[PDB]
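These notes are about the structure you will find just below.
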Amino acid sequence: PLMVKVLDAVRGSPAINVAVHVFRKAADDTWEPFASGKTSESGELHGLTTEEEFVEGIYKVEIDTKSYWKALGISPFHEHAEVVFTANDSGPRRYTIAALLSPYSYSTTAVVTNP
Amino acid sequence: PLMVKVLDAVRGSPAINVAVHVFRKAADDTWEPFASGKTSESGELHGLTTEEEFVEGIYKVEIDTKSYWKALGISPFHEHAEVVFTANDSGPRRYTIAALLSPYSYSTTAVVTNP
Amino acid sequence: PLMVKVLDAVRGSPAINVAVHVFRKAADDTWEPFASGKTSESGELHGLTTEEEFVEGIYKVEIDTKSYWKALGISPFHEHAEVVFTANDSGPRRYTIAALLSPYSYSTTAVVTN
Amino acid sequence: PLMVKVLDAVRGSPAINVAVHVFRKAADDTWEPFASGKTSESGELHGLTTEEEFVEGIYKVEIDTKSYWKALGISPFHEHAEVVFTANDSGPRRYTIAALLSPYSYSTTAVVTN
Ligand SMILES: Oc1c(Br)cc(-c2ccccc2)cc1Br
Ligand SMILES: Oc1c(Br)cc(-c2ccccc2)cc1Br
């Protein structure tokens, strides 16, 4: 129920091998590690979680954009791109978090569907 | 080799039933109709053309955003969103033209792959 | 009542010396030249028109993105970026058309105020 | 040396009265409060800091997008929009952090000039 997709606006391509870390806000207001992975050759990261594990909560998806750009010889502006949202608070949903990256800019959107 | 994908930034959803018209610049510098269709329930429009038909040229993809918004009770800013590009000028490629729509804004990107 | 602003998402800067052409849709559906200029050091193009001249109608703002990227030695995707809209007298009076440019992408918005 | 600008992609307008908090990363990796304010009628927040105070380091700009949409009676996706970056003295001296807001999306860019 959670997929992350990352595109490169410079190359016109998927952003491949981008590290993504997901956190969930705990009862004591700290960000607890929830899941992590890397985008594939399609720019997509699947398999982060399961419908059982992905309970209601506040989640942070951190996309490690700086590491991505530095490898292309670009010293970029941002440290990362973070997307913070409440999930599943009206019951289970499927979420795609998409990010379109440039060295000094990004755009992010969510596509939320009800299975 | 040509796919168009349209997302709605207000609803967090695919933009469904969006009309798309594709034109190709003719030898006399006019825009000739090339293909057309509507996005599906996934926001995607497939099957516009074939690799044989999609020769080198300058193409315009016109996405009829105004008609889309007016149906949601939004009087939007733009008449349409147009994407104009040279295709296949170094040999055949596959193109995804993506657009993320808001009433007064859109973002568009291309993902170009070599089969 | 019309300003155009262009920004560069690769360099994090205004997009300077970008050609901008504005057209008005004529009664026969062709695009007639209306205004043009080049963005300034701030990425802005002011003074395109006046309140008297900028009557209701459909306008097109064409931004020459391809020449901008080529001058930087970067290969771009689009031929240009086009923004097509209706000017409406019942709305607010001042229009800013902004474009944020990347080689294979652009974002555009309108800021319409009184 | 730091300005924050926020725009509304639904209404085509500045995003007015949006709370903005700026933090500086401390030596122990926590975020210490640095500056805050509310965007003006132009969607801009000026006067957050001074050249003397704005030393090299990692900063976070947090924009309270959820309250903005809620005030408009619109249900949004994000809790807030965060922009995290390093201030660098070898670059140009003035930073504009801009955010273009929609209920389920935002675009952000940096314009860094001398
Ligand atoms: O499958 C997607 C694609 Br192709 C592009 C985008 C996109 C993200 C930001 C701006 C424009 C398009 C999003 C998704 Br989902
Ligand atoms: O002064 C502006 C800045 Br700085 C950024 C934008 C902007 C445009 C498109 C996407 C994100 C920000 C618009 C304006 Br007027």
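For the subset of region B:91-115 comprising residues that are small (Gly, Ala, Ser) and touching a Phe, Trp or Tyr at 6+ places or on another chain (Cβ under 7 Å), which member is farthest from ligand 2 (Cβ to nearest atom)? Write out each step before concluding.
Let us first name the residues in region B:91-115 that are small (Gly, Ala, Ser), namely B:91, B:98-99, B:102, B:105, B:107, B:110.
Now narrow it down to the ones that are touching a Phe, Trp or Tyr at 6+ places or on another chain (Cβ under 7 Å): B:99, B:110.
Values: B:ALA99: 14, B:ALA110: 17 Å.
Per the stated criteria, the residue is B:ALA110.
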For region B:59-115, the count of residues that are touching a residue at least 60 places away in the same chain (Cβ under 8 Å), within 13 Å of chain D (Cβ to nearest Cβ) and within 14 Å of the chain's Cα centre (by Cα) equals 4
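Is it the case that C:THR96 is hydroxyl-bearing (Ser, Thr, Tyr) and more than 16 Å from ligand 1 (Cβ to nearest atom)? Spell out how you get there, then give the answer.
Working: hydroxyl-bearing (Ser, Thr, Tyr): yes; more than 16 Å from ligand 1 (Cβ to nearest atom): yes.
Spelling it out, C:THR96 is indeed hydroxyl-bearing (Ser, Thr, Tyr) and more than 16 Å from ligand 1 (Cβ to nearest atom).
With C:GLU41, C:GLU52, C:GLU32 as the choices, which residue is on the phi < 0 side of the Ramachandran plot, in contact with a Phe, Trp or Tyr (Cβ under 7 Å, 6 or more places away or on another chain) and surrounded by fewer than 14 Cβ atoms within 10 Å (Cβ to Cβ)?
Result of the check over C:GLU41, C:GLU52, C:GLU32: C:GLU32.
Being of a type in the set (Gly, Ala, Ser) and either surrounded by fewer than 13 Cβ atoms within 10 Å (Cβ to Cβ) or in a strand (DSSP E or B) (or both) is the filter here, so list the residues in region A:43-94 that pass it.
First pass over region A:43-94, keeping only residues of a type in the set (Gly, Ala, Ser): A:43, A:47, A:57, A:67, A:71, A:73, A:75, A:81, A:87, A:90-91.
Selection gives A:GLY47, A:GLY57, A:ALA71, A:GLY73, A:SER75, A:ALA81, A:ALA87, A:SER90, A:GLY91.
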Region C:40-85: number of residues that are outside any loop (DSSP other than H, G, I, E, B), over 14 Å from the mean Cα position of the chain (by Cα) and of a type in the set (S, T, N, Q): 1
If I ask for residues that are in contact with a helix residue (DSSP H, G or I) (Cβ under 6 Å, 6 or more places away or on another chain) and surrounded by fewer than 21 Cβ atoms within 10 Å (Cβ to Cβ), which ones from region D:70-114 would you list? D:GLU79, D:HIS80
Within region D:88-105, residues in contact (Cβ under 8 Å) with a residue 40 or more places away in the chain, closer than 15 Å to A:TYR104 by Cβ and either within 9 Å of another protein chain (Cβ to nearest Cβ) or touching a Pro at 6+ places or on another chain (Cβ under 8 Å) (or both) come out as D:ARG94, D:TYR95, D:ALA98, D:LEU100
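Laboratory data are not the source of any read-out in this text; all were calculated from the coordinates shown. Backbone-built Cβ (ideal geometry, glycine too); neighbour counts: all protein chains shown.
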